A.B. asks: 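Before anything else, here's the structure in question.
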Amino acid sequence: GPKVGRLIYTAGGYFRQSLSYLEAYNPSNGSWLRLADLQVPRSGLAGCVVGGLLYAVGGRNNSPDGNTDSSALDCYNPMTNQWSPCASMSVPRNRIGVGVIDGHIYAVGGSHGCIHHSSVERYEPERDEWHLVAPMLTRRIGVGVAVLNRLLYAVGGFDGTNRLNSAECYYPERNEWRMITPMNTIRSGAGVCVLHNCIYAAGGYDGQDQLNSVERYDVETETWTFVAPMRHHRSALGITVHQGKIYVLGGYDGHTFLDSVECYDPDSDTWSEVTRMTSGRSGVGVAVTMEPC
Ligand SMILES: O=C(COc1cccc(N2CCC(C(=O)O)CC2)c1)NC1CCCCC1
Ligand SMILES: [Cl-]
């Protein structure tokens, strides 16, 4: 089916305060477009796409005048270059993870003030409704989430006391979570995505440093294996997959809010630096959909 005309969208983020930017990168020509701002600036949000619409989920608006954790779900239509509110979640979720299974959005974990959630809820676009599902076995904020073979994975994060190397899997037809093999590295605020038969965890903070290492979980063999490291150490990086490659966007390296975007080729096991965002930032949401009109 059609593959051309897709862009990598980055929404929100953090640099000095939370940001409202929506910008889209075209890998086929290197261009960036600035599109309609989010209604509310947010960092620590997640992006995903269902039915060609881009959704921005959760986060927090940090500003000089305070911090407000977000329960929002907002949907951006590339055909109109407009955002519309959707039904809000049961609870604010900053530093959230999301995944999509069969047209439904799962919102996982995140914080609300000092509350570190284990709760999980599922959005039905056809009905514009959220409903809670079974909670995780561990409270997780800064959690990485990805979907492979219609199973939902929650990887790493911070439980309110410790940063985590643990990970777990949600089996929808049983409404049940089970632990999987833990990662080799503690990772809070890693980029987590799916490519081929593996769940990749790139970067993050281990409690001591921002990481450039990357490891992948083979869902058949249940092992975690390191791949080539990124050029940059990064925590709170954006991540997505497009045409068989992983793209990582921004993050914090311990010194700078990065503007660089790196791309991982699994065939050569190498990372290359492919572009730069218009400004450095961390805590963005990222997803792929059609270019706007
Ligand atoms: O960009 C943001 C806000 O969005 C996110 C999004 C995803 C994860 C995180 N955290 C990173 C550190 C982790 C940890 O410390 O364990 C906990 C999770 C933050 N916040 C910035 C981060 C860089 C420093 C300045 C604030
Ligand atoms: Cl998605």
Side-chain angles (χ1 to χ4, degrees), residues 6-19 41-62 67 69-70 75-76 93-111 116 123 125 139-148 152 155-165 185-195 201-211 233-242 247-258 280-290:
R6 297 201 208 151
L7 308 182
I8 296 172
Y9 286 77
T10 185
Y14 179 81
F15 176 64
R16 312 281 226 231
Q17 57 172 329
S18 301
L19 310 171
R42 289 135 77 178
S43 50
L45 75 170
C48 66
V49 167
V50 182
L53 298 169
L54 171 70
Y55 291 85
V57 196
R60 163 177 278 215
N61 185 6
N62 166 260
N67 291 291
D69 295 309
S70 178
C75 75
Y76 171 83
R93 302 181 180 275
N94 181 37
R95 299 169 299 171
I96 191 182
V98 304
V100 176
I101 306 179
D102 195 22
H104 307 90
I105 304 171
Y106 286 81
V108 176
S111 55
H116 295 72
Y123 179 72
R139 295 170 176 168
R140 305 177 185 269
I141 74 91
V143 60
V145 172
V147 174
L148 187 40
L152 176 76
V155 176
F158 178 72
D159 67 9
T161 302
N162 295 298
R163 283 109 172 167
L164 305 170
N165 72 330
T185 312
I186 292 169
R187 307 178 184 272
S188 183
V192 171
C193 75
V194 169
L195 176 58
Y205 187 76
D206 69 359
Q208 168 177 54
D209 216 348
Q210 298 78 26
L211 302 166
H233 297 194
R234 324 177 173 248
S235 65
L237 54 149
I239 193 165
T240 194
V241 172
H242 174 65
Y247 290 77
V248 296
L249 296 79
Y252 181 70
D253 74 354
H255 182 56
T256 300
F257 292 82
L258 298 173
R281 63 194 77 150
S282 62
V284 299
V286 186
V288 177
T289 192
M290 299 312 303

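We count ligands from 1, going down the list as the structure has it; atoms in each ligand are counted the same way. This chain uses plain numbering: 1 for the first residue, then up along the sequence.
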A.B. asks: Can you confirm whether more than 12 heavy atoms, excluding those of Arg163, are under 6.0 Å from its CZ atom?
C.D. replies: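 Above 12, so yes.
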A.B. asks: Using a 4.0 Å cut-off to any heavy atom of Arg163, which atoms of ligand 1 qualify?
C.D. replies: 14 (C), 15 (O), 16 (O)
A.B. asks: Below a 4.0 angstrom heavy-atom separation, can you tell me which part of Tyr252, side chain or backbone, both or neither, approaches ligand 1?
C.D. replies: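 Answer for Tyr252: side chain.
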A.B. asks: Going by an N to O cut-off under 4.0 Å, is there a salt bridge joining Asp69 and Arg60?
C.D. replies: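 Answer for the salt bridge query: yes.
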A.B. asks: So which heavy atom on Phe15 is nearest to which on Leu19, and how close?
C.D. replies: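 Residues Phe15 and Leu19, closest heavy atoms: N-CD1, 3.9 Å.
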A.B. asks: Should the pair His242 and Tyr247 be assigned to parallel (<30°), tilted (30 to 60°) or perpendicular (>60°) ring geometry?
C.D. replies: tilted
A.B. asks: Who are the salt bridge (charged side-chain N to carboxylate O under 4.0 Å, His left out) partners of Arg281, not counting sequence neighbours?
C.D. replies: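 With sequence neighbours excluded, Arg281 shows a salt bridge (charged side-chain N to carboxylate O under 4.0 Å, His left out) to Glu23, given in chain and number order.
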A.B. asks: Per the side chain to side chain donor-acceptor pair (under 3.5 Å) rule, what does the pair list look like for residues 41-59, sequence neighbours excluded?
C.D. replies: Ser18-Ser43, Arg42-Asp74
A.B. asks: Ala146 and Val194: which non-hydrogen atoms are nearest, and at how many Å?
C.D. replies: CB-CG2, 3.3 Å
A.B. asks: Could you list the atoms of ligand 1 found under 4.0 angstrom from a heavy atom of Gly189?
C.D. replies: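 So the answer, numbered in order with elements, is 8 (C).
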A.B. asks: Just to confirm my output: which protein heavy-atom neighbour is closest to atom 11 (C) of ligand 1, and how far is it?
C.D. replies: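 Of the protein heavy atoms, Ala236 CB, 4.1 Å lies nearest.
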A.B. asks: Short check: is a protein heavy atom less than 4.0 Å from atom 23 (C) of ligand 1?
C.D. replies: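 Neighbour list for atom 23 (C) of ligand 1 includes protein heavy atoms (cut-off 4.0 Å).
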A.B. asks: May I ask you to check whether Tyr14 has an N/O atom sitting below 3.5 Å from an N/O atom of ligand 1?
C.D. replies: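 Checking ligand 1 against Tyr14, no N or O pair falls under 3.5 Å apart.
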A.B. asks: As a check for students: among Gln210, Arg187, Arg60, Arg95, identify the option with a heavy atom nearest to atom 9 (C) of ligand 1.
C.D. replies: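 Comparing heavy atoms across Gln210, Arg187, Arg60, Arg95, the nearest one to atom 9 (C) of ligand 1 lies in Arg95.
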A.B. asks: To check your reading of the model: name the closest protein heavy atom to atom 12 (C) of ligand 1, its residue, and the distance in Å.
C.D. replies: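 Among all protein heavy atoms, the one nearest atom 12 (C) of ligand 1 is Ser188 O, 4.6 Å.
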A.B. asks: Using distance alone, decide if ligand 1 has a nitrogen or oxygen within less than 3.5 Å of any nitrogen or oxygen in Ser282.
C.D. replies: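 Right, the criterion is met.
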